[PDB]
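A short write-up of the structure that comes next.
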Amino acid sequence: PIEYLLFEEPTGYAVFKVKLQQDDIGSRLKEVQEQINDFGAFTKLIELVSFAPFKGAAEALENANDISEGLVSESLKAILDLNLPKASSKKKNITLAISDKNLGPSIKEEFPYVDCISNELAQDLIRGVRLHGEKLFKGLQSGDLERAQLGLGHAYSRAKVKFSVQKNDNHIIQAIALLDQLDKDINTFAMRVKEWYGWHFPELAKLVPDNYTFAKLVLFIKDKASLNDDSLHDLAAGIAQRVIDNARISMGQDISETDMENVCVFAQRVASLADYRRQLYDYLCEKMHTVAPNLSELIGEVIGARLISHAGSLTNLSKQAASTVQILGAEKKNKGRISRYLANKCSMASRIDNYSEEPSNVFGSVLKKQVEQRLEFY
Amino acid sequence: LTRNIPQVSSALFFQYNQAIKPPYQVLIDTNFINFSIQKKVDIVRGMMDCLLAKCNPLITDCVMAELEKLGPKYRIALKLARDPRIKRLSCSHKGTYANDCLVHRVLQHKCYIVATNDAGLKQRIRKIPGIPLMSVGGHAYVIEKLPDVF
Amino acid sequence: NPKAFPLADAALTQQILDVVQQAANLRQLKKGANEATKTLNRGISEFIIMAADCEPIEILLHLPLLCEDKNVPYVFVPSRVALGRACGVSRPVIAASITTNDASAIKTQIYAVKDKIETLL
Amino acid sequence: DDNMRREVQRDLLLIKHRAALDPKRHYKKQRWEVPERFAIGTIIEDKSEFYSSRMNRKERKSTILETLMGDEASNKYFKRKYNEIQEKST
Amino acid sequence: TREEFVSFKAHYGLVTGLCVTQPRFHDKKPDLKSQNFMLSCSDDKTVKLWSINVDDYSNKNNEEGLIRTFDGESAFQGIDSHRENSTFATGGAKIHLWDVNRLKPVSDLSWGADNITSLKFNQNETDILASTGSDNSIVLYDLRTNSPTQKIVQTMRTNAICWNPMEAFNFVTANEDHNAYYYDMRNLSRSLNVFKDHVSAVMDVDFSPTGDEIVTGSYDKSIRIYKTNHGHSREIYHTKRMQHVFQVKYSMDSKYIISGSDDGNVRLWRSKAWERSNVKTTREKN
Amino acid sequence: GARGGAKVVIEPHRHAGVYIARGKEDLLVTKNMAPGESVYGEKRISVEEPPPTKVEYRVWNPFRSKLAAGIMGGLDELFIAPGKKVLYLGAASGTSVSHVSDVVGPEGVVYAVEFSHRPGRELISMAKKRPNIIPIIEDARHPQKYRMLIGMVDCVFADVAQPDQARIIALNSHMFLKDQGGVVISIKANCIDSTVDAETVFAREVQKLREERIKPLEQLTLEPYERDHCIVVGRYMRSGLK
Amino acid sequence: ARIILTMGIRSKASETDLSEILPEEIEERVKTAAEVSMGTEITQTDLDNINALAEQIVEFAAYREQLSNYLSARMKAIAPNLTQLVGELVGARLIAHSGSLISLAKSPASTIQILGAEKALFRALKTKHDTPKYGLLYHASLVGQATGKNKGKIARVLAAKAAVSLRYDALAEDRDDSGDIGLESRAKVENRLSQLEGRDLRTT
RNA sequence: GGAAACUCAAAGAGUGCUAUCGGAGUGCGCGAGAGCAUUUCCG
RNA sequence: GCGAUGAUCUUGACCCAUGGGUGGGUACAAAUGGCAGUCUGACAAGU
RNA sequence: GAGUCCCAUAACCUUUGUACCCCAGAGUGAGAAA
Ligand SMILES: [Zn+2]
């Protein structure tokens, strides 16, 4: 009496009619419990008769949570109301081979005419359908099981932990590891703008040494033909007169054109990169103020991002001890005991703003006042 | 190429075997039950009188198969060895041979003491190091290499 | 559901901190949060105690993630000044640890305390 | 590669005769046939470690042969042991 | 899983006979899809009825053992439960008929003051039953008339009787002369078969629920399987480690006979000693 | 010794997936799945391959991981092959599951279960990096409430710290482990029974396994790395136990 | 970069996607992946910051396309015989490896052949092996057309004609930059290649 | 001596592959047939 | 009007009255600096 | 005739610049001040 089976799967619910029966008395024998392993005899024993996939991802998570606490839900109750026949009271009531005794009473409460069962026969029949997996379903689906169960597992784990997805330190990690490399890339490509515009105007590297305003005035003057407009160079940059008369006295000059046009394209794009740096630094300034405010107020924003980058993650920094927050360069006798004090106060602030749910600034401020009193001790 | 030399099991000394704490686990076997009966000593009270400590006896499925296999002369032995005071192991190997079942069982654990009486099993047990055998003798038991008999 | 969940009541508090004072007189105790986490990620720690009223609670709440990962019991105690008086030191210590040592004469009381607090958690 | 580049012909002989490289080590006996699939790596230190397992940049040589030549105590032991061996052979 | 649900120190002396029941109380619903009821009579004058917690189903979530204890004047020698309406009969000094709503016996049904070794109800036309007493005698009884109805006397004492679950008026009879007789009820002058292959006392018999095979188990250390329509042994099981098989029963699957020796074990056997139990492909079954 | 910058050869080992890193002093090393980031602070070998690519390797610190000590003491065969699916009862944090993950590789999966919460959020924050693992934050004593999301693993491994070790692994292996599949458990003697000593509690646990139909085949003690644990390797027979 | 510029967050991915990118069979995969995804959510601050990152990284790719097209046009301007024979993305590596155009023209056909793989050359010379034969000319369009050791023979003859064309259009000071002896040498290399691949060393 | 396997033969292992009178009516069974069977519309 | 929320600390060696130089490390960047030198050279294919 | 196939589109070393630093180290762990 096992004639219907219910299997739950991370794409949908399945219900199997049990065609013939398993040998109950000899159900520990080798020649019976190898039939569950091989496939040519399991489909003699179990056929698919219904498979309704929940299609919403959040509805899959909700079905998984209701099964994991052992409670019926809409899709499960729907397919059992569809598939399970009303066994009339003259014959019997229908039986259903479900996987767990925690689920059992909650379907017996809702359907009276069903009767759940999980002995070792239902256990190893569900084990057999779990082992054979996709090859039972004979193509009534769109999507394999393992990627769907990967997503459903990660979602079920985060819904159990109720993990705060606003405590985001990986953003600050990638922000500072992009910021320093992007400063290096702006400097290298601006050296290429200098070395490429030297052939057209080599007395500009002496006058205008700043990379960004060099690139912007290279975007301004195309060829050496300006000679008059003095009232735009203090805007784009006194030295206006030096670059204007050096635009006719110098003449270390190649007169080339298409390369000057691509120099112009390169220079305006390097200026765009400088604008991107000048906004991303401010972005991680305020994101350092949001994520890690006590350590931000104590040590500074970019020094804090460098320190969390050296640690690897904020949680790893916090579970580091307070003497292994030795990092070279950052936290710049009487020159060393102040750095040790600042080190373990930085570890204290790291503990506060990581293990809080969402942190404040008052402890960063009183930490700043404590370390400033320790500095004025000198 | 995987060689396999078993390490000397790290709850053993040179030959002191500090893993045998006084609540003992003994391994009863077949002719030891038979000689216990035909010397008319008891089992649990006899072991307590020989060792001055609480002993938990064990019989394996191989030894129970031997005791069933030896026919109806030792129905007294089988009724005695189905005692609810003893426990029971569960072997998994081919061939119900009490000798190599016992000596394998004890040389991969070094914590059981072996309550035997036949010559070949006593020879193999006292050949391998640092497990104590006991045996019937006179009207009591006798221990061979326990470090604190008294 | 607060952030200092295994908070010990009164009688268990008194027995764990007289075990603390016996350990401090037997030279088997580490006093303070960062030496506690140093001996914790070194591994020698029978169990660790925190104080549930330090003015930032997170400066010792960083110890759960180490200790229940490295499988060692941990207990909150409702008074840092009582734990300081227990450790036998002037300033209030907020996070103590008991090192592991099988050559110390309080092994029985340490194991009784550890069994009681594993049943508590 | 089949020509073996001679550097991973040097240092494989080095780690095969590793047992006589410093007279305070005493590696356990093993034959060590050369593997026919093997690479050459470089230990990236931990960023949270310094002063105890970090080699200086002027000392990270291209192979462990030049790394073993780079210090002083190994050279002292090698010169005195090798000279005593030549004197014992003569 | 070949394991035990619960154990009970059920009595003091020898246990004599047990059977299971789905005992319909009148002040209680039959909760027989979550716990299962067995009752057992011994020779220390007690007949105990017990519940058993059983995970055959998983409907619910505790009343483990000793639901009640009927106690009798004389000793008790065997029982069997009438499978309808929660009635059960015992044997002892004389046969008694109880139901589970009374501590006292409802009826007393002997011929004379002679003890009764074993009983058995039917499997259909349930209101009649048979028994065997140590006057070497087979008695029948009918609860519809509430009286004994006929009595034959053989040449040796009948140990165990067993009805047929497909004929409803044939039974087998296992006695100490080494042959299991097979009687027709409504003409008890001729044992219409005699299965005649043992060497010692025929300690128990049972019909398979397919209705044509007989399992028997002898006082000598062997069991035999017969067919009904032949009268000699189909085949024989034995092992070195069983002595004096005292109780054999077919299972309801009609393929597995449960034998129980005197050594202590309850062994199992395939009836067909070569048909395996896996579901086979259709060319293999052909 | 073994400072940051030395050149170490990377020889393969018997257990496919792991590698021996032979320098002037030897290491045990697994090939890293997500390159560029250590997970619990271990040192990383970094080899170059020829379009120049660069792949990295992690060391396996046996004093802080369980089965690394069994590997270095020398087990006859594990079941953690480079293709299998591996269940991990008592996944504490990334500190061993990352090693079992990158032993398993990009095809097989590692289902890592965990009962506590704060190691759970650490496990999830590690688990977003490499994709071949599934973090589950459920109790290992109830394999019927994460039966929804896993299926038919090919070897289980066990580090849980409860005195119903055998019942945990027996229920999880009946519910999930396939037939003829491996089960590698790691018993801690002082954890599961403090009264009687190590060999007695190991023999009692391995007897509970061979009652729960796992046929054991290897017992290792891992003494120079941890004290009085043991690795017990077994197969799950279910058919022809003897 | 274009799909992060189009989606932004993964929640907007179901109701839209372009079909100019990810042609017709990766679209439903990325939509179902954004449905069942395992990463977390980010807000609009870091969303528009990585959006500006995607802007800069798509501008880098369009600028690399424009600059390689520029390199083709400019090499066709300066040394049209060499890039009419060999190819621009090989002549550029040749010139920028050897330094000046004149100090590449002052070099024989053998080193114009083996100008790339000099480290395998010198280790093969200082041990006892056999020196290589393609080097940097292997990525040209004609030694890939040849098959077998015919690419070795064609690498030598194309290095010789590269020397001819290269030092002509590096040393002449009156050329019209039409590539005349360039495509003449291309025709000679091509029918040399054809009449050497047309042999069949299998005895028919 | 190296072997092209594309000449064919005998065999050995590993892998994948399937099931067990016709619609109503009419005496009929607890909104209801899974069947007993026809001179009723019949076909 | 100190300190476990962490006190204390096991000094890179020379020229002058605790303060004035060579040597080191840690990061990038450049080099027409080095390692570092650009293969063979008259036959081959087809009948 | 003749190794593109371990990035000479490079690696390493040295020098030169630039910015920082010149404390034990899986730091120790209970005293300083008068
Ligand atoms: Zn055995």
- Message: So if I check each of D:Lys76, D:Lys24, D:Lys81, which one is in a loop (DSSP other than H, G, I, E, B) and of a type outside the set (A, V, I, L, M, F, W, C)?
- Response: D:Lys24
- Item | Test set (1) within 20 Å of A:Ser350 (Cβ to Cβ); (2) within 16 Å of RNA strand I (Cβ to nearest atom); (3) out of contact with any strand residue (DSSP E or B) (no Cβ under 7 Å at 6 or more places or on another chain) - C:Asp69 fails condition number | (2)
- Task: State whether the residues of segment A:265-279 include one that is part of a helix (DSSP H, G or I), within 14 Å of chain C (Cβ to nearest Cβ) and closer than 30 Å to G:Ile42 by Cα.
- Result: no
- Query: Got a number for residues in segment C:20-47 being more than 8 Å from chain A (Cβ to nearest Cβ) and more than 12 Å from RNA strand I (Cβ to nearest atom)?
  - Reply: 14
- Note on the structure: Taking segment B:7-40 and keeping only residues that are at the interface with another protein chain (Cβ under 9 Å from one of its Cβ atoms) and farther than 24 Å from B:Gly137 by Cβ, one is left with B:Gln7, B:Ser9, B:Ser10, B:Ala11, B:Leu12, B:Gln18, B:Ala19, B:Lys21
- Task: Specify the residue that is nearest to the chain's Cα centre (by Cα); the eligible residues are those in segment G:54-68 that are surrounded by 14 or more Cβ atoms within 10 Å (Cβ to Cβ) and among the charged types (D, E, K, R).
- Result: G:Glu59
- Message: Go through (1) within 20 Å of G:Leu5 (Cβ to Cβ); (2) β-branched (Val, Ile, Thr); (3) not in a helix (DSSP H, G or I) for G:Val30 and report which single condition fails.
- Response: (3)
- How do the helices (runs of 4 or more DSSP H) wholly within segment A:111-215 filter down when requiring 3 or more residues that are small (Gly, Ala, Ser): which remain? A:145-161, A:170-197
- Note on the structure: Going through segment G:34-50 in order, the residues found to be among the charged types (D, E, K, R) and either on the phi > 0 side of the Ramachandran plot or more than 8 Å from chain A (Cβ to nearest Cβ) (or both) are G:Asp48
- Task: Would you please name the residue that is nearest to RNA strand H (Cβ to nearest atom), looking only at residues in segment G:123-176 that are within 14 Å of chain D (Cβ to nearest Cβ) and among the hydrophobic types (A, V, I, L, M, F, W, C)?
- Result: G:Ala124
- May I ask you to list the residues in segment A:101-110 that are assigned to a loop (DSSP other than H, G, I, E, B) and more than 15 Å from A:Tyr13 (Cβ to Cβ)? A:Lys101, A:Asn102
- Note on the structure: All-but-one check, G:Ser100 against (1) surrounded by fewer than 17 Cβ atoms within 10 Å (Cβ to Cβ); (2) in contact with a helix residue (DSSP H, G or I) (Cβ under 7 Å, 6 or more places away or on another chain); (3) not in a helix (DSSP H, G or I), failing number (2)
- Kindly check whether there is at least one residue in segment B:68-87 that is in contact with a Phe, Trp or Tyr (Cβ under 8 Å, 6 or more places away or on another chain) and either more than 28 Å from F:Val196 (Cα to Cα) or more than 16 Å from RNA strand H (Cβ to nearest atom) (or both). no
- Task: Only residues in segment E:262-286 that are in a loop (DSSP other than H, G, I, E, B) count as the first member; pair them with residues that are within 16 Å of the ligand (Cβ to nearest atom), Cβ under 7 angstrom, at least 6 apart or cross-chain, and list the lot.
- Result: E:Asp263/B:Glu68; E:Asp263/E:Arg241
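Considering only segment G:113-204, give the helices (runs of 4 or more DSSP H) lying wholly within it that have at least 1 residues that are in contact with a helix residue (DSSP H, G or I) (Cβ under 8 Å, 6 or more places away or on another chain) and within 27 Å of D:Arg5 (Cβ to Cβ).
Numbers: elements: G:118-126, G:150-171, G:180-197.
It comes to G:150-171.
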- Message: If G:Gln113 meets every condition in (1) surrounded by fewer than 16 Cβ atoms within 10 Å (Cβ to Cβ); (2) within 10 Å of RNA strand I (Cβ to nearest atom); (3) away from chain D (no Cβ under 14 Å) apart from one, which number is that one?
- Response: (1)
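Would you tally the residues in segment F:27-41 being surrounded by fewer than 18 Cβ atoms within 10 Å (Cβ to Cβ) and either at the interface with another protein chain (Cβ under 7 Å from one of its Cβ atoms) or of a type outside the set (A, V, I, L, M) (or both)?
Residues flagged as surrounded by fewer than 18 Cβ atoms within 10 Å (Cβ to Cβ) and either at the interface with another protein chain (Cβ under 7 Å from one of its Cβ atoms) or of a type outside the set (A, V, I, L, M) (or both) within segment F:27-41 amount to 3.
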- Go through segment F:64-105 and give me each residue that's within 14 Å of chain C (Cβ to nearest Cβ) and over 25 Å from F:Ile137 (Cα atoms). F:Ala69
- Query: In segment G:185-202, which residue that is in contact with a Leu (Cβ under 9 Å, 6 or more places away or on another chain) and not basic (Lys, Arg) is surrounded by the most Cβ atoms within 10 Å (Cβ to Cβ)?
  - Reply: G:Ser185
- Query: Going by the structure shown, is A:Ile79 surrounded by fewer than 20 Cβ atoms within 10 Å (Cβ to Cβ), away from every other protein chain (no Cβ under 13 Å) and not aromatic (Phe, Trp, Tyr)?
  - Reply: yes
- Across segment F:158-183, which residue is farthest from C:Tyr111 (Cα to Cα) among those that are assigned to a strand (DSSP E or B) and touching a helix residue (DSSP H, G or I) at 6+ places or on another chain (Cβ under 7 Å)? F:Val183
- Among the residues of segment E:143-184, which ones are in a strand (DSSP E or B) and among the β-branched types (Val, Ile, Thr)? E:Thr149, E:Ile152, E:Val153, E:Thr158, E:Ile161, E:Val172, E:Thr173
- Task: Give the residues of segment A:290-301 that are farther than 25 Å from D:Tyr51 by Cα and in a helix (DSSP H, G or I), sorted by residue number.
- Result: A:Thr290, A:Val291, A:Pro293, A:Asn294, A:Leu295, A:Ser296, A:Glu297, A:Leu298, A:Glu301
- Across segment D:39-63, which residue is surrounded by the fewest Cβ atoms within 10 Å (Cβ to Cβ) among those that are within 21 Å of F:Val47 (Cβ to Cβ) and more than 7 Å from chain F (Cβ to nearest Cβ)? D:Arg57
- What are the residues in segment F:176-192 that are within 14 Å of chain A (Cβ to nearest Cβ) and either closer than 14 Å to F:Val206 by Cβ or charged (D, E, K, R) (or both), if any? F:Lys178, F:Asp179
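List the strands (runs of 3 or more DSSP E) inside segment E:37-142, counting only whole elements, that have at least 1 residues being surrounded by fewer than 18 Cβ atoms within 10 Å (Cβ to Cβ) and hydroxyl-bearing (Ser, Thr, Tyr).
Because the criterion is at least 1 residues that are surrounded by fewer than 18 Cβ atoms within 10 Å (Cβ to Cβ) and hydroxyl-bearing (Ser, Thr, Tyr), the strands (runs of 3 or more DSSP E) in segment E:37-142 that meet it are E:68-71.
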- Task: Quick one: which residue in E:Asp206, E:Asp212 is crowded, with 22+ Cβ neighbours inside 10 Å, acidic (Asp, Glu) and under 17 Å from E:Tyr250 (Cβ atoms)?
- Result: E:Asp206
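Do we find that A:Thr315 is assigned to a helix (DSSP H, G or I) and under 30 Å from C:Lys38 (Cα atoms) in this structure?
Details: assigned to a helix (DSSP H, G or I): yes; under 30 Å from C:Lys38 (Cα atoms): yes.
Taking the combined requirement at face value, the residue satisfies it.
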- Message: Residues that are within 13 Å of the ligand (Cβ to nearest atom): list the helices (runs of 4 or more DSSP H) wholly contained in segment B:44-101 that include at least 1 such residues.
- Response: B:61-69
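Read-outs: derived from the displayed coordinates by stated rules, not from any lab. Backbone-built Cβ (ideal geometry, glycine too); neighbour counts: all protein chains shown.
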